[PDB]
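**Q** model this:
(8 chains)
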Amino acid sequence: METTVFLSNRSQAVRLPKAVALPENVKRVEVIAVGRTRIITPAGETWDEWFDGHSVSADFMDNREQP
Amino acid sequence: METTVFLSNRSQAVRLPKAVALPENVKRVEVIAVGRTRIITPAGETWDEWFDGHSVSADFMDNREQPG
Amino acid sequence: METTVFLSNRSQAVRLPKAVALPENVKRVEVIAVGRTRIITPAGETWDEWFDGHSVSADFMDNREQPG
Amino acid sequence: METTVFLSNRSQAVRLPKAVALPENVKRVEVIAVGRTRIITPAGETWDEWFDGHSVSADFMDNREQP
Amino acid sequence: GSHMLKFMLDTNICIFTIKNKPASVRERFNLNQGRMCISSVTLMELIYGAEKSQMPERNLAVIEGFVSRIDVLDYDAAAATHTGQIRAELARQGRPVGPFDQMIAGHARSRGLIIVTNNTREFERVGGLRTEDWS
Amino acid sequence: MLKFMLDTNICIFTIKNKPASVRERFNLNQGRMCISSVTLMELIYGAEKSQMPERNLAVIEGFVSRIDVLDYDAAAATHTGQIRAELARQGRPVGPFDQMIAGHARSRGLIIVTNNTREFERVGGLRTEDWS
Amino acid sequence: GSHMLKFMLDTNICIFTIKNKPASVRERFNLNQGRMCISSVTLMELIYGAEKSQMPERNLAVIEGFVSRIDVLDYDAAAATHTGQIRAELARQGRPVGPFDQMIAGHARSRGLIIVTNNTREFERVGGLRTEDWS
Amino acid sequence: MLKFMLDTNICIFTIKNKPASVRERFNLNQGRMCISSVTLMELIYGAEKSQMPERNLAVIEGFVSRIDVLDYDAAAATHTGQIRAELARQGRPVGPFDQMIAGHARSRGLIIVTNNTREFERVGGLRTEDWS
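**A** Residues are numbered from 1 along each chain as shown, chains lettered A, B, ... in the order given. And now the structure:
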């Protein structure tokens, strides 16, 4: 028989030094692409970052104005 | 999109799949910790730094050569 | 995109792959022979026939009910 | 072991009755999508239909007008 | 060819031609065959007009034959974004435009299509939009 | 894996006030939520007319980037036309944006997640949930 | 987000800000961060301007840092189609517009982008196009 | 499988006159031909200013439907900028549309098929063929 030689599949990673490393409880992580940035959250806590920050002005959608 | 964290060399590393991958321009990102969340952004892309950064030579595009 | 011709039931048939497939609206096409070439088009879609075809009832959209 | 039952793969075909059937020499055929229509040509004669018809007006591109 | 589209028909012109079948629009349909489309917003209004009519069975058949000769574009994220900008651009000026017409205008401005409408006076309040009256 | 469609009222409710009970409902159902492009139109309009459009568009981007935005296609317009007729035979008034959102969910077999269920109550053939 | 883009910068405004770095454009850049783009046609003119300069090594580095903060859109079939219509719309009126500016205008009209330009008087001859002067 | 890029001059040459020698060159190389979107811009312009635009656009559609149309991307603009500088150091004048078409082919490693090879003669790093 006759087969082929190939290289294993790689992927683009980011490194986290110990000063910004994630705790030991998180072995799975959710990643979200917001524009040019990306957000690294624990598996079942994907919305905590958007809830604790990201405030809108007080006038936003005070009137839906649906005809 | 859920991924997995591993270890490479002496430090921790997060696994970024294809659908949320970064362009090849980016090899250096700034990471900021918010609670249990880590936010990554490409490095050195602030307009206030570029407007005060390296300037262009005095002859550059003194004549735009668009025919007509 | 090159395909292959076969035979189904009593007649000839041309094999249309996915990339050049027809919408499900079309189940009836008119075929015209030009030399060694066959041209297929969906059937019965001439404006001059529709303008003279079946007409709409007298009450249809007498009141467009767009709020505001 | 345990496997699955499935249905073989189909595809959308058009029938050619004998009055418009293609000659016997053509066993392979090229198909081209032009808008809502499709053009059925022999394998190595894909451009013959576009050359023998499809005429443009005499004034088309008499001057390229490149600055 | 998806890059052959040039005109988008608003709801007003569609009702006008389906009810009356005028010769002037008949001519411009034959001239610009294969280059016309409507938004799914317009398709919604047409389907609703047949379902509530005295003869929905035969009015739906006429509409489906009308749609069979033009393309129907989905109201996507770009169309929604331009409609949002347009509704704010109009609130700053106190110019009233109906909600379905607002979505039709934003859908065409998102892809540079010319609006074919019966009432050009309502769409001319929108910035960066071309209109034509084929009546 | 798509299961829920969020209406416009629940989005305004969540973005303005950021409730704690909604945060746990979002984290558990992540990856199965979406909105119609009609709702995206209303959200973008609210930011463009506000006093801080760029800041408010940034908050919308982070919200949208975590869910899917569905295009209002021919099937959605078809169900919306039927619902509008079904509602006309009664004396049930429903808003035009809410009508399109309801027909969009019915065309995809999705559950409407809303802020107050009593306005989607009168439409036949779709299920609603109250996440307030 | 690809649906967050709103402005397209022509070649004139790019040369103006790279050479002079004015404070007025600096303010409007900070305000509309992440919502600006240029056409690959404009990128071609910039790269050519650096390669033929007295210091191409350091001028290319400045331009690449400028492009790193905006998006570059490909000149696709839709942009080519709108440019063809525009060149015929202008020939009917005897209004002269440069070839690169003609392609920039067609690229923005194909996707409903607002043109940010230094010379608004040249682009205002194009039908269905919005312009803004950030100088 | 893409190998040849057709310039604007060869397209006008083929569409207006329909030569027999070009027909056999097209049938043999079917599936390996393409044009830049810059050339598509020039073809569409010629039809829109002509006396029968709809008829001429129909002929262009059948021509385009048999080949690929490549987008003028960042790499194509990069090679075009280098070529324009390489040409400036000499006294070689080249048209703006032809400059962009040449840099587009060089960025993709394609062979320029043209009507008269002497205008693409002075550009370094690309091969040309005469199909007249």
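
**Q** all helices of the chain, in order?
**A** Let's take chain A. In chain A, the segments counted as helices under DSSP state H are A:48-52.

**Q** switch to chain E, please.
**A** Counting by DSSP H, the helices of chain E are E:11-20, E:23-31, E:40-51, E:56-67, E:77-91, E:99-109, E:120-123.

**Q** so stretch E:24-38, near chain G or not?
**A** No - using CB under 8 Å from any CB of the partner chain, stretch E:24-38 never reaches chain G; the gap is at least 11.2 Å. (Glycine included, C-beta is placed from N, CA and C.)

**Q** any chance of the helices of chain E in JSON lines, with distance to residue G:75 and mean neighbour count too?
**A** Putting those into JSON lines (distance: least, CB to CB, whole Å; neighbours: other CB atoms under 10 Å in any protein chain shown) gives the following:
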{"stretch": "helix E:11-20", "distance to residue G:75": "33", "mean neighbour count": "20"}
{"stretch": "helix E:23-31", "distance to residue G:75": "29", "mean neighbour count": "14"}
{"stretch": "helix E:40-51", "distance to residue G:75": "29", "mean neighbour count": "25"}
{"stretch": "helix E:56-67", "distance to residue G:75": "33", "mean neighbour count": "17"}
{"stretch": "helix E:77-91", "distance to residue G:75": "18", "mean neighbour count": "22"}
{"stretch": "helix E:99-109", "distance to residue G:75": "20", "mean neighbour count": "26"}
{"stretch": "helix E:120-123", "distance to residue G:75": "29", "mean neighbour count": "16"}
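
**Q** any idea how far chain C is from the residue in chain E that chain A sits nearest to?
**A** The minimum distance from chain E to chain A, using CB to the nearest CB, falls at residue E:99 (5.3 Å). Per CB to the nearest CB, to the nearest Å, residue E:99 is found 6 Å from chain C.

**Q** within range of chain E, give me the residues from chain A.
**A** Residues of chain A lying near chain E (CB under 8 Å from any CB): residue A:67.

**Q** now do the same contact list for the residue of chain E closest to chain A.
**A** By CB atoms under 8 Å, 6 or more residues apart in numbering or on different chains, the residues touching residue E:99 are A:67, C:66, C:67, C:68, F:96, F:97.

**Q** skip the chain neighbours and tell me the closest residue to the residue most central in space within chain E.
**A** In chain E, the residue lying closest to the centroid (CA atoms, centre = their mean) is residue E:10, at 2.1 Å. Leaving aside its chain neighbours, residue E:10 sits nearest to residue E:117 (4.3 Å; criterion: CB to CB, 6 or more residues apart in numbering or on different chains).

**Q** just residue A:35 next, same as before
**A** residue G:1 (5.4 Å).

**Q** tell me, how many residues neighbour the nearest residue to residue E:71 once chain neighbours are set aside?
**A** Leaving aside its chain neighbours, residue E:71 sits nearest to residue E:37 (4.2 Å; criterion: CB to CB, 6+ apart). Residues contacting residue E:37 under the criterion other CB atoms under 10 Å in any protein chain shown number 19.

**Q** touching, residue E:37 and residue E:10? I think so.
**A** No - shown here, residue E:37 and residue E:10 do not form a contact pair, counting by CB atoms under 8 Å, at 11.3 Å.

**Q** residue contacts, whichever residue of chain E sits closest to chain C?
**A** Distances between chain E and chain C by CB to the nearest CB are smallest at residue E:49, namely 4.0 Å. Residues near residue E:49 by CB under 8 Å, 6+ apart: C:60, C:61, C:64, E:15, E:59.

**Q** if we go to 7 Å?
**A** By CB atoms under 7 Å, 6 or more residues apart in numbering or on different chains, the residues touching residue E:49 are C:60, C:61.

**Q** swap in residue A:41?
**A** A:29, A:30, A:48, A:49, B:37.

**Q** the closest residue to residue A:27 other than its chain neighbours and chain F: what is the separation?
**A** Spatial nearest neighbour of residue A:27, excluding adjacent residues (CB to CB, 6+ apart): residue B:5 at 6.4 Å. In this view, residue B:5 and chain F are 18 Å apart by CB to the nearest CB.

**Q** do the same with residue E:56
**A** With distances taken as CB to the nearest CB, residue E:56 is found 8 Å from chain F.

**Q** isn't that residue right up against residue E:50?
**A** Yes - counting by CB atoms under 7 Å, residue E:56 touches residue E:50, with 5.3 Å between them.

**Q** now do the contacts for residue E:36.
**A** E:7, E:9, E:70.

**Q** burial count for the last one?
**A** The tally of other residues near residue E:70 (other CB under 10 Å) stands at 19.

**Q** for residue E:22, what are its contacts?
**A** Contacts of residue E:22 (CB under 7 Å, 6+ apart): none.

**Q** cool, and residue E:95?
**A** Contacts of residue E:95 (CB under 7 Å, 6+ apart): residue E:125.

**Q** which single residue in chain E comes nearest to chain H?
**A** residue E:1 (5.5 Å).

**Q** thought that residue was touching residue D:35?
**A** Yes - between residue E:1 and residue D:35 there is a contact at 5.4 Å, judged by CB under 7 Å.

**Q** state the number of residues packed around the closest residue to residue E:38 other than its chain neighbours.
**A** Nearest residue to residue E:38, sequence neighbours excluded (CB to CB, 6+ apart): residue E:9, at 4.9 Å. Using other CB under 10 Å, residue E:9 has 25 neighbouring residues.

**Q** again with residue A:24
**A** 6.

**Q** extract the C-alpha trace of stretch E:53-64 and format it as PDB.
**A** Coordinates of each C-alpha in stretch E:53-64 appear next as PDB, following Å, rounded to 0.1, in the frame of the first residue of the first chain:
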ATOM      1  CA  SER E  53     -59.600  39.500   0.800                       C
ATOM      2  CA  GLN E  54     -62.900  38.000  -0.300                       C
ATOM      3  CA  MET E  55     -61.100  35.500  -2.600                       C
ATOM      4  CA  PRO E  56     -57.800  34.600  -0.900                       C
ATOM      5  CA  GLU E  57     -57.300  31.400  -3.000                       C
ATOM      6  CA  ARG E  58     -57.100  33.200  -6.300                       C
ATOM      7  CA  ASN E  59     -55.500  36.400  -5.100                       C
ATOM      8  CA  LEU E  60     -52.600  34.400  -3.600                       C
ATOM      9  CA  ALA E  61     -52.200  32.600  -7.000                       C
ATOM     10  CA  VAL E  62     -51.900  36.000  -8.800                       C
ATOM     11  CA  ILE E  63     -49.300  37.300  -6.300                       C
ATOM     12  CA  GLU E  64     -47.200  34.200  -6.400                       C
END
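
**Q** I am finished for the moment; much appreciated.
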